[PDB]
Amino acid sequence: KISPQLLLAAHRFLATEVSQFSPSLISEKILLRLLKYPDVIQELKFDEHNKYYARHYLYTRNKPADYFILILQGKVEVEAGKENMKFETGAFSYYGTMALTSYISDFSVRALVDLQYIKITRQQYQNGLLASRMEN
């Protein structure tokens, strides 16, 4: 289970250091409502026997994805490139930011270790923006 300190810090960092989620674009109370919505936080269990599997890919190469994810915990790698280069990244690295706007994914995000991430859909994002336009 994710601790409240991690969730709140993810709210802070996500609000300030990410373009689409800035408090002017989406109000703070409604960002918390969007994070608190069910299925926004998802946990993945790593299978050691089958390291490469369809479940381990959070983003698949050249296939569509409509949502933005910010990784709170675990270790992950990105396989994207023309040469198929691979980089290792860790907690609080966000992927799929412009997929929220009105997306074939060139980047491949695969789970290296047990990770805990948040998934924010384009529908959730735009609807949350509309609710943010409500006085708040």
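Heads up: these notes are all about the structure in this document.

**Looking at the packing of aromatic side chains**
Part 1 of the reasoning: Taken together, a centroid distance of 4.9 Å and an interplanar angle of 80° make the contact between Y59 and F107 edge-to-face.
Part 2 of the reasoning: A ring pair is formed by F68 and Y94, whose centres lie 6.3 Å apart and whose planes are at 70°; its orientation type is edge-to-face. Of this pair, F68 sits in strand β3 (residues 68–73) while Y94 sits in strand β6 (residues 94–95), and the two are 26 residues apart along the sequence.

**Re the sheet that holds strand β1 (residues 41–44)**
Part 1 of the reasoning: If you walk across this open sheet you meet the four strands as β1-β8-β3-β6, and the pairing is antiparallel. Single-partner strands in this sheet number two, and they are β1 and β6.
Part 2 of the reasoning: Taken together, the five bridges between β3 and strand β8 (residues 115–120) define a ladder with antiparallel strand orientation. Note on β8: the bridge partner recorded for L70 is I118.
Part 3 of the reasoning: Sheet strands in contact with helix α1 (residues 4–17) are β1, β3, β6 and β8, and its direction is about 135° off that of β3.

**Notes on the pairing of β3**
Part 1 of the reasoning: Bridging between β3 and β6 involves two bridges; their strand directions are antiparallel. Its bridge partner lying in β6, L70 is registered against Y94.

**Here's the deal with the pairing of strand β4 (residues 75–78)**
Part 1 of the reasoning: Pairing analysis gives four bridges linking β4 to strand β5 (residues 87–90), with the strands arranged antiparallel. The partner of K75 across the bridge, within β5, is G90.
Part 2 of the reasoning: Looking at chain direction, β4 and strand β7 (residues 109–111) are connected through three bridges and run antiparallel. Along β7, the bridge assignment pairs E77 with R110.

**Thoughts on the sheet that holds β5**
Strands pair in a sheet through their backbones, by hydrogen bonds, and they do so in one of two ways: parallel or antiparallel.
Part 1 of the reasoning: Within the open sheet, the four strands sit side by side as β2-β7-β4-β5. Their pairing is antiparallel. In this open sheet, the two strands that pair with only one neighbour each are β2 (57–59) and β5. Sheet twist, expressed as the mean angle between neighbouring strand axes with direction ignored, is 30°.
Part 2 of the reasoning: The pairing of β2 with β7 spans two bridges and is classified as antiparallel. Within the sheet, the bridge partner assigned to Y57 lies in β7 and is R110.

So, how was this worked out
- Residues numbered from 1 in each chain as written, not as in the entry; some residues may be left out.
- Heavy atoms only, no water.
- Residues with missing side-chain atoms left out of burial classes, pairs and counts.
- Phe/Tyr/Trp six-rings, centres within 6.5 Å; stacked < 30°, edge-to-face > 60°.
- Helix = DSSP H or I, 4+ residues; strand = E, 2+ residues; numbered from the N terminus.
- Pairing = 2+ DSSP bridges.
- Contact = heavy atoms within 4.5 Å.
- Axes fitted to C-alpha atoms, helices over the stretch in contact; angles between N-to-C directions.

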